[PDB]
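Trainee: Mind looking over this structure? Questions follow.
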Amino acid sequence: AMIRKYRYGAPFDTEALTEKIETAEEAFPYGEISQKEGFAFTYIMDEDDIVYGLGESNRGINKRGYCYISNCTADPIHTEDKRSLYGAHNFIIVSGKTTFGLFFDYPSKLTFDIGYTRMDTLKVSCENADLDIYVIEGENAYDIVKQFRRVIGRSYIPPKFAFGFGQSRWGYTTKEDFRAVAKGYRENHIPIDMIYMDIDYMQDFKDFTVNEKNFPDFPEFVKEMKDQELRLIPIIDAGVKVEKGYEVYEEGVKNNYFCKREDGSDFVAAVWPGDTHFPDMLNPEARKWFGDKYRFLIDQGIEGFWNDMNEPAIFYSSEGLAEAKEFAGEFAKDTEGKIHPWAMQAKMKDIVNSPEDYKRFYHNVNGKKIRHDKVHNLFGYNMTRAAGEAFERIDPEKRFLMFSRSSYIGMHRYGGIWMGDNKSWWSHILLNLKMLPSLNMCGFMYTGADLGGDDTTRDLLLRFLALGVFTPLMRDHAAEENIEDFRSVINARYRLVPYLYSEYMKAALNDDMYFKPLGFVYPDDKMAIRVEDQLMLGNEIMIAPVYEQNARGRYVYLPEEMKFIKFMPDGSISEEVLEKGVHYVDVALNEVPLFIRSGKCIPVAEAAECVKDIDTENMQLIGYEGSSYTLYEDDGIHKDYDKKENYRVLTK
Amino acid sequence: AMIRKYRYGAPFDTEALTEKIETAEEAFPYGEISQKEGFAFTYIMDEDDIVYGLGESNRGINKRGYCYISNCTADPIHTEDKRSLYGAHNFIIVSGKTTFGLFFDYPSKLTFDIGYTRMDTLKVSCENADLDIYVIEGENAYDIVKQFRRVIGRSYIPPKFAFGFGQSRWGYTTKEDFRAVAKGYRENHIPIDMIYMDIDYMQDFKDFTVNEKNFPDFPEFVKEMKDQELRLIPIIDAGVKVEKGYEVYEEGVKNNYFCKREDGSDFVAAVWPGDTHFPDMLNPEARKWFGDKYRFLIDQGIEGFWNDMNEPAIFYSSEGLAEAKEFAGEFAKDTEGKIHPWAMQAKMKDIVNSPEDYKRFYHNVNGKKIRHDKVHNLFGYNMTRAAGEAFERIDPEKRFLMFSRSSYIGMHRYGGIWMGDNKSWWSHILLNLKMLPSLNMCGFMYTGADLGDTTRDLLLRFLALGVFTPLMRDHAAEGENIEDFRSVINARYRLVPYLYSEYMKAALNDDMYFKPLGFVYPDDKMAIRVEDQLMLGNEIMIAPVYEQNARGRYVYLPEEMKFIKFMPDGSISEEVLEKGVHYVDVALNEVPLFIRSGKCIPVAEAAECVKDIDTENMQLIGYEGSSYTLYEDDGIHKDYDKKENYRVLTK
């Protein structure tokens with residue numbers, strides 16, 4: 000009796016929540032609901048109200064003052080004005096004198112006008128009034144989030160090695176490229192556990208193949224790598240190549256597993272392999288077939304995968320390619336200047352990720368033909384759901400590394416999310432920082448981010466990693492000076508793996524958040540609730556990364572007394588007490604900073620070069636003498652979660 | 000004596016400098032010069048070294064750790080990976096243990112690799128060793144700046160009305176559109192002095208025409224607005240439309256005033272009007288004629304212009320257009336998947352503002368046909384030089400508002416510049432703030448920015468910056493509690509006497525309007541690294557909030573100051589804040605600032621136009637014992653020398 004479900008029309012089932020809620024047959028408690036123009040919820044905000052949520056969305060922790068459209072989009076630019084990223088996360092919480100959470104359970108384009116049109120007005124709208132709205136109430140936002148976290152079911156948990164460092168690069172192809180990196184890191188003694196394989200390892204980008212000529216005994220090569228504690232983490236894309244004699248393709252065609260055109264034919268969408276077909280992720284039979292395929296690589300020693308282009312992205316369709324050729328031909332033989340160069344340009348952008356192409360193909364959902372656009376936001380969800388179920392069939396008791404580009408609430412149980420770009424910008428450290436608590440709100444905990452890019458200067462990479470240190474996914478993956496600064500930073504990471512791991516485990520198992528906004532921890536502190544460039548982690552620290560070029564430090568607000576801790580290259584740990592108030596603090600490039608809360612402590616291992624070798628048996632306790640910390644640890648591999656003996660109390 | 004000139008090859012005379020200084024004969028006094036790859040300058044910086052300058056460029060005040068290409072581009076998205084904005088201001092100061100300044104007098108593509116490739120390495124390189132390098136010695140950066148400000152000639156001084164608020168909409172096209180701005184502002188008591196006219200008022204986009212249909216009795220309409228103290232500010236564009244019987248064009252052809260191709264034919268480039276030619280801005284004769292054409296508008300009661308598109312922007316040439324259709328052809332007829340879409344797409348982008356186009360036209364300069372690419376950064380500057388020089392012929396006694404998009408050092412004598420793009424971003428408020436000191440260093444002090456969909460909160464914070472920037476406009480595209497809007501604009505008007513006073517004093521003394529905390533607090537290791545606060549003249553520090561949804565921000569104070577706030581109700585709050593790190597509260601409808609220890613400034617009652625500002629009885633805000641020299645003139649003419657312009661105010 001603090002959670003209500005309001006149903007309108009005939010909502011498609013997303014299986015986002017795992018707890019059942021009775022339909023409310025009373026009045027919608029807040030705002031106006033209107034069905035004149037599709038569906039709209041309109042609400043007038045108090046001046047001080049903060050709006051939390053929307054997981055993977057643009058701008059800040061407080062969403063007030065802009066427009067967000069939930070419409071999973073393969074856009075990779077990410078300017079302030081972008082309305083849509085890769086995530087459809089329709090959770091929000093109004094935080095003011097009146098406080099409530101709303102989850103709009105809806106698979107299609109959802110529109111969040113949060114102060115955009117009129118500063119005082121919140122307006123959520125969509126084309127058809129076929130959705131469920133959950134209303135969550137409580138003390139405050141954190142309490143609201145915590146109930147929500149309880150109904151959407153438990154968050155995905157990676158194996159412990161996923162808490163190491165990873166490196167990848169679009170362009171790695173041959174055994175020698177991967178041999179070259181193991182050598183780089185291991186011989187310069189940079190810690191690391193994972194090496195990503197970008198698309199090039201396949202046989203002509205064909206899903207679930209390895210390049211036969213570059214990889215003649217993959218399992219022997221996989222084992223080669225596993226013997227130096229390097230786990231090869233290969234990519235899988237939404238598109239299956241159209242190739243005669245390609246087995247996946249042939250079973251896809253034969254068993255009616257790909258999405259279909261209205262006319263009955265298998266829909267074609269050009270991606271990296273050229274012409275592909277999309278597996279029908281909403282069809283549970285097609286989902287099992289595709290999930291199962293991952294066995295092919297699991298059977299060769301592979302322990303982690305990443306799914307990509309699953310919005311799904313489309314460079315162009317057959318219809319659109321043809322449409323645009325006809326235009327071009329018309330442009331080509333204009334001389335009366337009737338067809339303009341920017342019209343010809345505009346037709347060319349318009350065939351990439353075209354709303355019209357998302358209306359040309361269909362899902363067969365338990366017998367029901369649905370057009371993709373009606374449910375577009377669930378695709379990548381289900382692609383990840385597919386793999387996550389295949390894992391439970393092969394070995395229910397084993398955790399695999401899995402993370403996806405596209406997501407919808409409900410996926411949070413089957414994998415994590417990675418934030419990527421086609422650009423390396425200082426502003427993106429801040430962006431990625433602010434996104435963190437918001438992902439946590441909607442259940443996405445194993446997340447990190449990328450520096451697309455060759456305008457990665459040394460310092461950008463250094464500060465970028467110094468945030469990455471605290472993000473559960475931490476890698477250096479891009480397209481392809493002073494080596495020892497890079498090492499000191501990965502050292503800091505590995506010194507922190509045990510505590511970070513423990514905080515994540517305690518959080519995941521308790522339906523609690525990993526990263527929190529200062530607002531959640533200090534809700535009555537009117538300064539704290541406005542800080543967006545600092546986060547609280549677990550119940551013990553606060554992070555405040557440096558994100559400005561040329562900066563020798565930054566400003567901070569401490570909502571309470573804390574120990575300013577830093578990891579110094581020499582392996583030392585500088586420690587200083589700072590009163591509640593505002594401070595400027597020195598943080599050099601190669602230095603890694605966090606603040607530990609009054610009467611808290613955290614354990615700190617010596618640096619180790621891979622996760623299995625971290626000496627967790629006798630760690631140092633940094634923080635305040637007298638304080639306790641509960642350390643969680645298990646085998647890091649399997650699902651033996653509810654043991655008293657996974658918890659140990661440490662005292663300073 | 001403190002400035003030496005190092006010449007290599009046969010440099011085009013850019014006329015950036017008003018001073019003649021002899022060619023130095025010794026070897027180059029700092030770093031290694033290499034003429035291996037063309038021309039290169041290479042200097043190893045100390046870790047503590049800071050790098051200043053470049054005026055209108057990307058990123059922060061300390062330029063270290065990125066790459067900047069001096070190459071005026073009409074590129075419109077101003078993301079932080081971009082290495083070329085509109086300006087081209089080749090003036091840098093290295094500041095640390097070894098301090099010195101460098102002006103690279105080179106009219107074409109110049110690359111500043113400042114810590115980018117390699118962090119301690121400063122490398123400025125260009126294709127051809129044909130350029131003058133000015134080396135400038137000083138005790139510090141501020142010093143070095145002030146000497147450079149001396150040799151490049153005094154900065155453009157604007158009419159005082161140019162110090163009011165201004166407004167515009169790309170879209171405005173009828174007498175009724177403009178009357179609705181007038182009524183909306185004057186009825187609601189929002190101060191305002193200018194209405195900008197964007198391109199729609201021209202006859203089919205033609206320079207020095209007015210829309211026959213929408214403005215039949217134009218001088219009359221200008222008088223209509225002037226009487227309400229609204230000065231109309233029409234835009235002018237580099238490209239002159241190709242049109243039979245359009246006199247600007249007819250004259251331009253007959254007299255060879257346009258940029259020609261190699262075969263002597265007038266170059267074609269498509270802009271707003273479709274086919275246009277570009278006035279040969281480097282031909283002193285063509286400049287003479289182009290500038291004179293402004294008389295058409297001056298004679299009608301117009302007192303200010305802005306030049307846009309003067310990079311010059313090219314949507315496409317005739318030649319690039321045929322290449323595109325060639326390629327459209329190939330694409331449309333491909334069946335084997337030979338030509339992919341991404342390639343078709345690229346050829347289209349590639350024909351906009353093309354490198355290859357700028358190798359397709361020439362300037363005739365004292366009988367030398369010079370390829371445009373080799374003097375590219377000079378075009379907009381010379382377009383503005385033309386207008387400015389024409390003003391002295393057309394109405395010699397009188398100051399005109401004039402400001403342009405693309406520039407090059409030298410331009411600063413003839414007009415201001417404005418920064419905009421097509422995006423409404425928060426980070427841009429900071430970009431704009433950071434650019435100013437840099438622009439003051441290169442002579443450009445009449446500057447300001449645009450927010451080219457803008458939210459109410461963004462507008463308000465944008466405007467609390469523009470309060471202090473000599474150019475302050477809300478110029479958008481298209482066309492809740494307005495008391496907030498008025499409050500911010502009111503602070504502007506209340507502060508007009510002071511900012512104009514500091515501008516004039518700075519203009520007349522080759523000093524700076526805005527300075528980095530560092531120039532004022534050189535011995536304060538904290539202060540020299542501040543980038544989001546500015547000193548203005550000798551009395552105040554500014555610090556705008558540039559974060560969405562914020563109630564305030566952190567500031568550093570290098571000395572005791574009064575924290576002042578212009579208040580919605582019209583009051584002025586005051587707090588004495590000691591030296592140190594603070595957090596300060598600033599609501600969206602509050603305009604912050606800091607008066608320095610030992611100092612005071614004057615503030616007027618809010619007034620609704622620059623004319624009616626009551627500058628007799630004003631209050632002094634600041635510290636109880638200090639005095640301020642207020643510079644004030646008629647704000648119209650060019651009599652700056654008089655003892656009458658100054659009067660010491662004492663608190």
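Sequence lines, in order, name chains A and B. Using PDB author numbering, the letters of the first sequence correspond one by one to residues 0 to 452, 455 to 481, 492 to 663. Using PDB author numbering, the letters of the second sequence correspond one by one to residues 0 to 451, 456 to 482, 492 to 663. Built from N, CA and C at the ideal position, the CB exists for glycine as well.
From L468 (chain B) to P556 (chain B), what does the alpha carbon distance come to, in whole angstroms?
Mentor: If you number the second sequence from 1, residue 468 (chain B) lands on position 465. If you number the second sequence from 1, residue 556 (chain B) lands on position 544. Each residue's alpha carbon lies about 6 Å from the other.
Trainee: Using a cut-off of 7 Å between C-beta atoms, extract the partners of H362 (chain A) located in chain B.
Mentor: The residue labelled residue 362 (chain A) in the question sits at position 363 within the first sequence. Going along chain B, no residue has its Cβ under 7 Å from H362 (chain A), so there is no contact; the nearest lies around 27 Å.
Trainee: Tell me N306 (chain B)'s beta-bridge partners as DSSP assigns them.
Mentor: The sequence position of residue 306 (chain B) within the second sequence is 307, counting from 1. B:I235 and B:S403, per the DSSP bridge assignment.
Trainee: Report yes if the C-beta distance between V239 (chain B) and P278 (chain B) is below 8 Å; otherwise report no.
Mentor: If you number the second sequence from 1, residue 239 (chain B) lands on position 240. If you number the second sequence from 1, residue 278 (chain B) lands on position 279. Yes; because the gap between Cβ atoms is below 8 Å, this pair is in contact.
Trainee: Could you confirm whether any beta carbon from chain B is found closer than 8 Å to the beta carbon of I350 (chain A)?
Mentor: Within the first sequence, the letter at position 351 stands for residue 350 (chain A). Taking Cβ atoms only, chain B reaches closer than 8 Å to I350 (chain A), which makes this a yes.
Trainee: Could you give the residue range of the beta strand (DSSP E) that holds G592 (chain B)?
Mentor: Indexing the second sequence from 1 puts residue 592 (chain B) at position 580. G592 to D597 is the span of the beta strand (DSSP E), which, as asked, contains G592 (chain B).
Trainee: Between which residues of its own chain and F465 (chain B) is the CB-CB distance below 7 Å, once the five residues before and five after are set aside?
Mentor: The residue labelled residue 465 (chain B) in the question sits at position 462 within the second sequence. Contacts found: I428 and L450.
Trainee: Grab me the residues of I350 (chain B)'s own chain with a C-beta within less than 6 Å of its C-beta, minus the 5 sequence neighbours each way, in chain order.
Mentor: Reading the second sequence from its first residue, position 351 is the one you call residue 350 (chain B). Once the five neighbours on either side are set aside, the close Cβ partners of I350 (chain B) are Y315, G319 and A323.
Trainee: From which residue to which residue does the beta strand (DSSP E) around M418 (chain A) run?
Mentor: Counting from one through the first sequence, the residue named residue 418 (chain A) turns up at place 419. Here the beta strand (DSSP E) through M418 (chain A) covers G415 to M418.
Trainee: Taking 8 Å as the cut-off, decide whether the C-beta atoms of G447 (chain B) and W424 (chain B) are in contact.
Mentor: Here residue 447 (chain B) corresponds to residue number 448 of the second sequence, with the count starting at 1. Here residue 424 (chain B) corresponds to residue number 425 of the second sequence, with the count starting at 1. Cβ distance not < 8 Å, so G447 (chain B) and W424 (chain B) don't count as in contact.
Trainee: Could you name the residues of the segment 305-319 of chain B whose beta carbon sits closer than 8 Å to any beta carbon of chain A, in the order they occur along the chain?
Mentor: Within the segment 305-319 of chain B, the residues whose Cβ lies closer than 8 Å to some Cβ of chain A are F314 and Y315, listed in chain order.
Trainee: Could you name the residues of the same chain whose beta carbon sits closer than 7 Å to that of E492 (chain B), not counting the 5 residues immediately before and after it, in chain order?
Mentor: Within the second sequence, the letter at position 480 stands for residue 492 (chain B). Result list for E492 (chain B): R459, in chain order.
Trainee: Roughly how many angstroms separate the alpha carbons of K527 (chain A) and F471 (chain A), rounded to a whole number?
Mentor: Counting from 1 along the first sequence, the entry for residue 527 (chain A) is found at position 516. Counting from 1 along the first sequence, the entry for residue 471 (chain A) is found at position 470. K527 (chain A) and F471 (chain A): Cα-Cα distance of roughly 13 Å.
Trainee: Do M547 (chain A) and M573 (chain A) have their C-beta atoms closer together than 8 Å?
Mentor: Against the first sequence, residue 547 (chain A) aligns to sequence position 536. Against the first sequence, residue 573 (chain A) aligns to sequence position 562. Result no, Cβ atoms of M547 (chain A) and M573 (chain A) do not sit closer than 8 Å.
Trainee: Starting from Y512 (chain B), trace the alpha helix (DSSP H) in both directions and tell me its first and last residue.
Mentor: Sequence index remark: in the second sequence, residue 512 (chain B) carries index 500 (1-based). Here the alpha helix (DSSP H) through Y512 (chain B) covers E495 to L520.
Trainee: Establish whether the CB of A323 (chain B) and some CB of chain E are separated by less than 8 Å.
Mentor: The structure shown contains no chain E; its protein chains are A and B.
Trainee: Of all the residues that make up the segment 110-122 of chain B, which are near chain A by a beta-carbon distance shorter than 7 Å?
Mentor: If the cut-off is 7 Å between Cβ atoms, the segment 110-122 of chain B has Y115, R117 and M118 near chain A.
Trainee: For chain B, is any of its Cβ atoms less than 8 Å away from the one on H276 (chain A)?
Mentor: As a working mapping, residue 276 (chain A) is identified with position 277 in the first sequence. No, its Cβ sits nowhere closer than 8 Å to a Cβ of chain B.
Trainee: If you reduce the DSSP assignment to three classes, tell me which class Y67 (chain B) lands in.
Mentor: Mapped onto the second sequence, residue 67 (chain B) falls at position 68. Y67 (chain B) falls in the strand class under three-state DSSP.
Trainee: What residue ranges within the segment 517-561 of chain A form continuous alpha helix (DSSP H) runs of no fewer than 4 residues, ordered along the chain?
Mentor: Counting whole runs of 4 or more residues, the segment 517-561 of chain A contains the alpha helix (DSSP H) stretches 529-532.
Trainee: Could you work out which residues of chain A lie near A327 (chain B), taking near to mean beta carbons separated by less than 8 Å?
Mentor: The residue given as residue 327 (chain B) occupies position 328 in the second sequence. Those within 8 Å of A327 (chain B) in chain A are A327, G328, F330, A331 and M343.
Trainee: Between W288 (chain B) and the rest of its own chain, which residues show a CB-CB distance below 6 Å, the 5 nearest in sequence each way excluded?
Mentor: If you number the second sequence from 1, residue 288 (chain B) lands on position 289. Hits under 6 Å: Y256.
Trainee: List the residues of chain B whose Cβ lies closer than 8 Å to the Cβ of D460 (chain A), in chain order.
Mentor: The sequence position of residue 460 (chain A) within the first sequence is 459, counting from 1. Residues of chain B passing the Cβ test: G64 and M118.
Trainee: By alpha-carbon positions, which one of B:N187, B:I301 and B:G549 ends up nearest to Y195 (chain B)?
Mentor: Position 196 of the second sequence holds residue 195 (chain B). Nearest option by C-alpha distance: B:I301.
Trainee: List, from N- to C-terminal side, the beta strand (DSSP E) runs of 3 residues or more that fit wholly inside the segment 79-133 of chain A.
Mentor: If we require 3 residues or more, the beta strand (DSSP E) runs fully inside the segment 79-133 of chain A come out as 90-94, 98-104, 109-113 and 120-125.
Trainee: Under a Cβ-count criterion, where at least 16 other Cβ atoms within 10 Å of its own Cβ denotes burial, should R659 (chain B) be classed as buried or exposed?
Mentor: Your numbering for residue 659 (chain B) matches position 647 in the second sequence. Exposed.
Trainee: Taking only the alpha-carbon atoms, compute the straight-line gap between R476 (chain A) and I20 (chain A) and give it to the nearest angstrom.
Mentor: Stepping through the first sequence from its first residue, residue 476 (chain A) is reached at position 475. Stepping through the first sequence from its first residue, residue 20 (chain A) is reached at position 21. If you take the alpha carbons of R476 (chain A) and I20 (chain A), they lie about 39 Å apart.
Trainee: In chain order, what residues of the same chain lie with their CB nearer than 6 Å to the CB of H371 (chain B), ignoring the 5 residues before and after it?
Mentor: For this step, residue 371 (chain B) is matched to residue 372 along the second sequence. So the list reads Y357 and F360, once near-sequence residues are dropped.
Trainee: Please report the distance separating the alpha-carbon of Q227 (chain B) from that of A0 (chain B).
Mentor: Translated into positions along the second sequence, residue 227 (chain B) becomes position 228. Translated into positions along the second sequence, residue 0 (chain B) becomes position 1. When rounded, the distance between both Cα atoms is 53 Å.
Trainee: Taking the alpha carbon of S33 (chain B) as the point to measure from, which residue in B:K205, B:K4 and B:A128 has its own alpha carbon closest?
Mentor: Numbered from 1 along the second sequence, position 34 holds the residue referred to as residue 33 (chain B). The residue with the shortest Cα to Cα distance from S33 (chain B) is B:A128.
Trainee: With a threshold of 8 Å between beta-carbons, can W288 (chain A) be considered close to chain B, or not?
Mentor: As a position in the first sequence, residue 288 (chain A) is number 289, starting the count at 1. Not an interface residue.
Trainee: For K240 (chain A) and chain B, any beta-carbon pair shorter than 8 Å?
Mentor: Taking the first sequence and counting its residues from 1, the one referred to as residue 240 (chain A) is at position 241. It does not: the Cβ of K240 (chain A) has no partner Cβ on chain B nearer than 8 Å.
Trainee: What's the call for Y407 (chain B), buried or exposed, on a 16-neighbour Cβ count within 10 Å?
Mentor: Reading the second sequence from its first residue, position 408 is the one you call residue 407 (chain B). Buried: at least 16 other Cβ atoms inside 10 Å.
Trainee: Taking C-beta pairs closer than 7 Å, name the residues in chain A that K96 (chain B) reaches, listed in chain order.
Mentor: Translated into positions along the second sequence, residue 96 (chain B) becomes position 97. What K96 (chain B) touches in chain A: nothing, since even the nearest Cβ is about 17 Å away.
Trainee: Would you report the Cα separation of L474 (chain A) and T13 (chain A), rounded to the nearest angstrom?
Mentor: Locating residue 474 (chain A) in the first sequence gives position 473, counting from the first residue. Locating residue 13 (chain A) in the first sequence gives position 14, counting from the first residue. So the two alpha carbons sit approximately 26 Å from each other.
Trainee: Between the alpha carbons of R506 (chain A) and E46 (chain B), how many angstroms are there, rounded?
Mentor: Position 495 of the first sequence, counted from the first residue, corresponds to residue 506 (chain A). Position 47 of the second sequence, counted from the first residue, corresponds to residue 46 (chain B). Approximately 29 Å, taken between the alpha carbons.
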